[PDB]
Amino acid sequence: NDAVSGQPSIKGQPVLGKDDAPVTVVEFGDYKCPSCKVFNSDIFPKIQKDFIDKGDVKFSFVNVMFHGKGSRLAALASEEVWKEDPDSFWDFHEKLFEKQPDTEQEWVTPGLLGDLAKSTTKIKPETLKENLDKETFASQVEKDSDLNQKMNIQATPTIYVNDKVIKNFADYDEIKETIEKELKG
């Protein structure tokens, strides 16, 4: 009972990289996932430099709800940024992972998310914060949830390289080699 092999649809999802990048890397992640915090700092910048910058890979992120209410809030704020300020999306995304503490208990508040919006985006904190309260972008969260279930996501982050499921997100060798194999044929 693992993640299913197959190309996940990135239709309607946040993307970074050239439109015609031949390889799509998809992260199924969670803003409260400590491994996703590690992927963001340790692995993602290498994917950027080695592949995204040169147009080989486009990267996408799909929300997964494994850590309770804080995961939902963070997902909702994330969905709004992509919709309302796409060009700023990745600065907000990375700064949220960087704001994740190394402690267990809840930390995701509307106030924190609004403050990240303020510093990284065109979006007004009170606009976020109003939308979070009303759960305006719930449908985008449920869209991702449907996709997580279709792909049978068991743990975060789960990385896809085209139709290939990466066994270890923190093994950059596996990730680089799989991107390069996909790039060949």
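From 1 onward, residues are counted along the sequence shown.
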(request) Going by the average Cα B-factor in the PDB entry, point out whether 105-113 or 68-76 comes out higher. (result) 105-113
(request) Would you determine, from the values in the PDB entry, which of 158-166 and 8-16 has the greater average C-alpha temperature factor? (result) 8-16
(message) By the CA temperature factor listed in this entry, which of these ranks top: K37, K58, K46, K134?
(response) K134
(message) Among the choices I52, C33, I153, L128, identify the one whose CA B-factor in the record is greatest.
(response) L128
(message) Considering every modelled residue of the chain and its Cα B-factor in the PDB entry, is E142 in the lowest, middle or highest third?
(response) highest
